[PDB]
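What follows is a set of notes on a single structure, which appears directly below.
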Amino acid sequence: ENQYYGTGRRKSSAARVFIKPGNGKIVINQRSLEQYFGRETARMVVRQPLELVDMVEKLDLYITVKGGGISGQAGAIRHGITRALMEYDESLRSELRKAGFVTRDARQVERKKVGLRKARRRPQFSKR
Amino acid sequence: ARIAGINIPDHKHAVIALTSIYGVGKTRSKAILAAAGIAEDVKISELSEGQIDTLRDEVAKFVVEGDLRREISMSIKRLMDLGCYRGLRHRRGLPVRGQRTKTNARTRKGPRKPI
Amino acid sequence: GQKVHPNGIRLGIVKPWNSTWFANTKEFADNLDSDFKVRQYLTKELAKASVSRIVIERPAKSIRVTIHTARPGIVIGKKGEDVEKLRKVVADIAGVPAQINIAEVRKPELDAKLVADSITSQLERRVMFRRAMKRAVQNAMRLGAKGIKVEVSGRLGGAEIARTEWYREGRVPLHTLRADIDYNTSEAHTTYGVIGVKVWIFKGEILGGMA
Amino acid sequence: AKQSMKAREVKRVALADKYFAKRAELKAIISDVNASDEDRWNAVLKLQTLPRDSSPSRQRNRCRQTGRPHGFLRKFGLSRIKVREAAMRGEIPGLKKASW
Amino acid sequence: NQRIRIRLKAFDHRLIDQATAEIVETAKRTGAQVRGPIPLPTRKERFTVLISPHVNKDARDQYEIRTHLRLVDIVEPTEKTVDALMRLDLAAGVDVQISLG
Amino acid sequence: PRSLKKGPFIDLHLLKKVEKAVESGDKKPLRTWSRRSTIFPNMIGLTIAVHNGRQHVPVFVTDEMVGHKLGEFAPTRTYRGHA
Amino acid sequence: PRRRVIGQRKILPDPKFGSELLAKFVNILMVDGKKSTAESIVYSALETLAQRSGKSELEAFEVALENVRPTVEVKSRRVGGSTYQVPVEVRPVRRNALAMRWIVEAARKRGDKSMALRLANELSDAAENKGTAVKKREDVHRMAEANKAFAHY
RNA sequence: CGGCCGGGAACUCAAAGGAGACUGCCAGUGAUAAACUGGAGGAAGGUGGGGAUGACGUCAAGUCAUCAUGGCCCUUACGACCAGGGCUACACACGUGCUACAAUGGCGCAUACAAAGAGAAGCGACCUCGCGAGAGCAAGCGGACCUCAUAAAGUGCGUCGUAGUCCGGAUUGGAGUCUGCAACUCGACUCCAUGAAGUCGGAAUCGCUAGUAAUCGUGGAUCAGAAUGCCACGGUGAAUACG
Ligand SMILES: [Mg+2]
Ligand SMILES: [Mg+2]
Ligand SMILES: [Mg+2]
Ligand SMILES: [Mg+2]
Ligand SMILES: [Mg+2]
Ligand SMILES: [Mg+2]
Ligand SMILES: [Mg+2]
Ligand SMILES: [Mg+2]
Ligand SMILES: [Mg+2]
Ligand SMILES: [Mg+2]
Ligand SMILES: [Mg+2]
Ligand SMILES: [Mg+2]
Ligand SMILES: [Mg+2]
Ligand SMILES: [Mg+2]
Ligand SMILES: [Mg+2]
Ligand SMILES: [Mg+2]
Ligand SMILES: [Mg+2]
Ligand SMILES: [Mg+2]
Ligand SMILES: [Mg+2]
Ligand SMILES: [Mg+2]
Ligand SMILES: [Mg+2]
Ligand SMILES: [Mg+2]
Ligand SMILES: [Mg+2]
């Protein structure tokens, strides 16, 4: 048909979302949403874009996500759904922007630096 | 609930209570219960005496308690008598397994003694 | 503070590598040893030939040396006698058939290595260090360097206390990565010890990059 | 390092390639599951007669220019000072300062 | 005719790009079908050394060697193509590995 | 602990010395530097001067010492006390 | 900061309740970045507290929080050479933060077994105004009144 | 019912080349200025984040034990080699770390989600044996292909119910495995047994402003074997800044 596509990205994760005009089914890596995300917050974060611009029962989406962890994959899925919705409708841009879903969160990590035990954690100092 | 001449807590489960015997740990207690046929979860209390007698007979197959303490003391005393390096460390009261003694040997050396 | 090596910080951006060959980790260290041997021998031989930059380039079964020198006439000597001698010796050192090429530097007053070597030669010959360094700076600026800085360090004039003296003319922007800063050092083994000489020559800025 | 420490190194590399095969052959019978007390004991007693600098583990990596016994990278056959000096002069093909 | 696969490895990327351009031009001119040049992932081998001579542990230099790969696949080779590619010798400092079959 | 496949390790010079001593029947102390050699039953009843890095310490080997190593009976450090 | 006037970071609302205040409470409760565990604890505690003390979780939580909020705190100024403990009115966002922080620490101290049970007990106790958190609030108010003499420095 | 195989170059991804962000546009404050505050669009907004890059000089700072090097000194010894020992001692003091003192947890079962790396005298699968460390046989692979290599925290169920405990693991005894000529001094790891102190630590003091702190695992160099150190990688992920 159309298979409206959207690529979402989060710190190390990459999601591919295919929206289709059908019922309200979510298929993530040949799993149900509840099967994949045991986190209720992750489920809700995936819900968020559909709930805002009401399309929950109007769209089938097929999702495949690679890399990252639970929250990263959920964020990437949300970003991809938002992008797919924008491509599909193009009128929801303003609502999605004001919600805050269009922006790609660019915070990945701070590398460990020589001399510091972590990215910024400095070794303990002594005066004497 | 008296096995090998020591009292054993009743409210505890069978696996954990059995460990109270000197010479029986976690794996050995599991093996004893498996051989006897008693489940691990069931508590020491509400056990038929026949099963407790079976537990005693199973425990009898290991050197556990006084006898075990005597054996360990004999081994250490034999090391002392031989006059080897391990025996010397034992009688001095210093770490035997080649740990540093400049610092951090307070388990063997006891609390700190000021000069 | 302590400054970074101008050539090392500009490798890839504006400066090329001296050794340019690929090797797997099996043969990397042996290649490094052979390259060190070749460069050492070549410098020792052509000390008096004003050699500026030895460039080693290895085909999978060949060793190609490229000597950048101010005076090709002296290094090649009579027809091919001296180059053949050098070629056969470097071949035995490397253990591979060798091929020597010679690139002529038309402006030995703008080459930092040559300038530093001349200053150290003068210092060994017991000239006045200020006189030598001023001559070098004037020669480079006259030849048309956008800038030059020269620094000498250690027991100047046989003084018990060591000092550092440096002269700069024009501009020599070290922090500008796209700049073309030719930099090299040398050491004069005078009767009172070692005297270090450092030379920066800012020839220009390469906008195109060109690696 | 000392010219004698470097000479000692060249001695542990030649003795080790000289007695490489026997050692391996002796280790085979000494580790072989299908050997014997008379065989394994005889092979284990012969291994401890060989020239000692013949064993690999009695060799230590050292810079190929100074002999420095510490800070030696295998891919550079060099220590930590010399690698930097050569890298700054653009002599280690494909060596650039990182800044990821 | 079984296909010939070519793996190019170089420390410099523009050099390897020019080298693979020459190879693909030769093979494509001589008729055979080029399949590439596929960019395979680069190996970033990083090193960290102490820069101070004596004692300054926090003073260090971090170096790295970056190895670029290029995969050029030639299928249905012709005799003219296979001899021409062997005739062509590329710039030094570019390791070529021709695996065939 | 050395693996049981390989068996206990003992030095050739000490071995000829102890077998020759067993054959000879003499009771002179055996000077050795082989602290790493394990004690064997045929060695029982002999005086062996094991090197401690400074001097050769005489060890009269007994049946209980079988399996141990000669170095265990030749302490190398000398510590009386701090005060 | 000597020269910086950027405000507070935007925080997302609670998934299951849509409350920024509840989200901040979860963040305060959270330790070692284990948000899942802290969120489960607070949700269970809120449900238990709702059933026990009233109608809804937000109503019970807000009434408890209001009973713990401090009107005035004390800081240590240094003007006359020595340090004067002077009272100061707390801005509303700091009121909420201090109330939540006091509730969490008081719940941690308590001797009950489960953390959710401790949180529910402490929340109900604070609502009834007999808890350790309300005691802490009354203590700070009491000390502020004691040193109120320095209210014009 | 495995992207596995026909196939497809759509998408992820792999690099190479480009576009994009400039207070550029709007409003306000302002010296009619620079600039600042908001906001429109935009993936990104005011140096977007991070790194590399360290001016003239200071401390006769550090390194003659990397090296080079002036002077001085030893030359059947201050140099040469070999075996054993030591650098690992132990009344004690200081510094930097790791593991804990537990229920936001321990243990048991089931189950999900990474990134970055290394590998030929190397990484070593599958299968068989061993409670286990491992052993035997042994495919593959100079590797987006094969191996290291099962991520852990998490999620679900059960149990323990506030104890010096089913917390904690030191210490010690016995038995072993592997590397290595060789594990006594003086290795690592495994199994059984044992189960110290320790219940959040005075004065004082340290680090950190965001994907940071905190917490959770993974890899690499050095290296026959020998990390709680060092250097990297990702998972989860805060509080606060009035001044
Ligand atoms: Mg915006
Ligand atoms: Mg970290
Ligand atoms: Mg520096
Ligand atoms: Mg010397
Ligand atoms: Mg199918
Ligand atoms: Mg803005
Ligand atoms: Mg700068
Ligand atoms: Mg000085
Ligand atoms: Mg001084
Ligand atoms: Mg100092
Ligand atoms: Mg010696
Ligand atoms: Mg020391
Ligand atoms: Mg030690
Ligand atoms: Mg539990
Ligand atoms: Mg690799
Ligand atoms: Mg087994
Ligand atoms: Mg324990
Ligand atoms: Mg044990
Ligand atoms: Mg006590
Ligand atoms: Mg306790
Ligand atoms: Mg090692
Ligand atoms: Mg290693
Ligand atoms: Mg760690």
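All chains are named by letter (A, B, ...) in the order of the sequence lines, taking the proteins before the strands, and each is independently numbered beginning at 1. We use all heavy atoms of the structure for the numbers below, so side chains are in, but hydrogens, waters and symmetry mates are not.
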What string of B, S and - do you get for nucleotides 234-243 of chain H, 5' to 3', if B is base contact, S is sugar-phosphate-only contact and - is no contact with any protein heavy atom under 4.0 Å? SSBBSSBBBB
Let me have a per-nucleotide readout for nucleotides 223-229 of chain H, 5' to 3', with B, S or -, counting only protein heavy atoms under 4.0 Å. BB-----
Same-atom distance ([atom1]) from [N] to [M], integer angstrom:
N      : M      : atom1 : result
H:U29  : H:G54  : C1'   : 39 Å
H:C233 : H:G117 : P     : 9 Å
H:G124 : H:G136 : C1'   : 14 Å
H:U32  : H:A43  : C1'   : 38 Å
H:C167 : H:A197 : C1'   : 14 Å
H:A133 : H:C192 : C1'   : 14 Å
H:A35  : H:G46  : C1'   : 12 Å
H:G86  : H:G140 : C1'   : 49 Å

Do [X] and [Y] sit within salt-bridge range, that is, some charged N less than 4.0 Å from a carboxylate O?
X        : Y        : value
A:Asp105 : A:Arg107 : yes
G:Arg118 : G:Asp112 : no
A:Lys118 : A:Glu110 : no

Is there a donor on the side chain of E:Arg7 or the base of H:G143 sitting less than 3.5 Å from an acceptor on the other? no
Examine the base of H:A232 for any acceptor or donor lying under 3.5 Å from a partner atom in the side chain of A:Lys118, and report the outcome as yes or no. no
Applying side chain to side chain donor-acceptor pair (under 3.5 Å) to A:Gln30 and A:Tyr36, what does each step give before you reach the verdict? CA-CA 9 Å; A:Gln30 300 85 35; A:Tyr36 197 84; over 6 Å; no
Trace of the salt bridge (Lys or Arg N to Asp or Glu O under 4.0 Å) decision for D:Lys82 with D:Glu85: CA-CA 5 Å; D:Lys82 266 29 234 233; D:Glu85 292 186 87; 3.6 Å; yes
So, are H:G28 and H:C36 a pair, meaning Watson-Crick or G-U wobble with each of the two distances under 3.5 Å? yes
Pairing status of H:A188 with H:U212 is requested, where a pair means Watson-Crick or G-U wobble geometry with both distances under 3.5 Å. no
[Y] ring center within less than 6.0 Å of [X] ring center:
X       : Y       : answer
A:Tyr5  : A:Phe18 : yes
F:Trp33 : F:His13 : no
E:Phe47 : D:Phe76 : yes

Counting any heavy atom closer than 4.0 Å, what does A:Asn29 reach on the DNA or RNA strands: base, sugar-phosphate only, or nothing? nothing
Six-membered ring stacking of H:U215 and H:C216, under 5.5 Å, under 30°: yes
Residue pair [X] / [Y], side-chain heavy-atom distance below 4.5 Å:
X       : Y       : answer
E:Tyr63 : E:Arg46 : no
E:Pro39 : E:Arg70 : yes
F:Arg36 : F:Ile10 : no

So is the aromatic ring of F:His82 stacked onto the base of H:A91, judging by whether the centres are under 5.5 Å apart and the planes are under 30° apart? yes
Sugar half of pseudorotation for H:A44 [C1'-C2'-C3'-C4' sign: + north, - south]: north
Using atom names, set out every protein N or O paired with an N or O of nucleotides 17-26 of chain H below 3.5 Å, distance rounded to 0.1 Å.
| residue | atom | partner | partner atom | Å |
| --- | --- | --- | --- | --- |
| H:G17 | OP1 | E:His13 | NE2 | 3.3 |

Taking the cut-offs as 6.0 angstrom to the six-membered ring centre and 45 degrees off its axis, would you call F:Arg2 and F:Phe9 a cation-pi pair? no
